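K.L.:
Pasting in a structure now, in structure tokens, and then I'll have a few things to ask.
There are 2 protein chains.
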Amino acid sequence: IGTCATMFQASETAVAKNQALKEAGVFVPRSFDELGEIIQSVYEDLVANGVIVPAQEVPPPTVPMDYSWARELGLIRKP
Amino acid sequence: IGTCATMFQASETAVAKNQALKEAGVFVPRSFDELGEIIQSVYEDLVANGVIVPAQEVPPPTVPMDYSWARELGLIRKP
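Heads up: the protein sequence lines correspond to chains A and B, in order.
FYI, in the UniProt record's numbering the residues of the first sequence are 745 to 752, 767 to 837.
FYI, in the UniProt record's numbering the residues of the second sequence are 745 to 752, 767 to 837.
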């Protein structure tokens, strides 16, 4: 994070560090807003090549909420 | 309800009343377990003849639950 800190030591700037990671074989997106896209696009290539065998998702047990927490969120209403 | 009350005045029995409603133009199912099917099968023909124009469902406002009610159901947990 922090490429546009310079837009307000040279090798320890975020732009040049991201670019040196990108030139050395780290799957770097063009900015932060493509981070979900590049994670998704790596994971699709990992599923579609027999690398990751995903887990069949099962519902968990469920606790009741805390009163002192679910009072702040406004789900409980007592006078 | 109550066709098999006799299986433990004659025209005031549930079997004969259901059959007399069925002979007079009331859409009676064969028993209670086809009631949802016959309601659904009437409603489909009511949609497919331009009779009922259904409402576009919109989410409602939401109140918080009562504490004294949502304590009995076990959603709230305070010592």
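Beta carbons: idealized from backbone N, C-alpha and C, even for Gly.
From the DSSP output, in three-state form, read off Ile796 (chain A) for me.
P.N.:
helix
K.L.:
So, do the region 816-829 of chain B and the region 829-836 of chain A have three or more beta carbon pairs nearer to each other than 8 Å?
P.N.:
yes
K.L.:
Looking at chain B, is there any beta carbon in it that lies within less than 8 Å of the beta carbon of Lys775 (chain A)?
P.N.:
no
K.L.:
How would you list, in chain order, the residues of chain A whose beta-carbon sits under 7 Å from the beta-carbon of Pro822 (chain B)?
P.N.:
By Cβ distance, chain A contributes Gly832, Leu833, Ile834 and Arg835.
K.L.:
Check the Cβ-Cβ distances between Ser769 (chain A) and every residue of chain B, and say whether any is below 8 Å.
P.N.:
no
K.L.:
Please report the distance separating the alpha-carbon of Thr747 (chain B) from that of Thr771 (chain B).
P.N.:
7 Å
K.L.:
Are the CB atoms of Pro787 (chain A) and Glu795 (chain A) within a distance shorter than 8 Å?
P.N.:
yes
K.L.:
Kindly list, in the order they appear in chain A, the residues whose Cβ is closer than 9 Å to that of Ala813 (chain B).
P.N.:
Going along chain A, no residue has its Cβ under 9 Å from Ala813 (chain B), so there is no contact; the nearest lies around 28 Å.
K.L.:
Does the Cβ-Cβ distance between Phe785 (chain A) and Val809 (chain A) come in under 8 Å?
P.N.:
no
K.L.:
Would you tell me roughly how many angstroms separate the C-alpha atoms of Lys775 (chain B) and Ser769 (chain B), rounded to the nearest one?
P.N.:
7 Å
K.L.:
To which residues of the same chain is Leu793 (chain A) closer than 7 Å at the C-beta, ignoring the five residues directly before and after it?
P.N.:
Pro787
K.L.:
Just to confirm the assignment, what range does the alpha helix (DSSP H) spanning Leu779 (chain B) have?
P.N.:
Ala772 to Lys780
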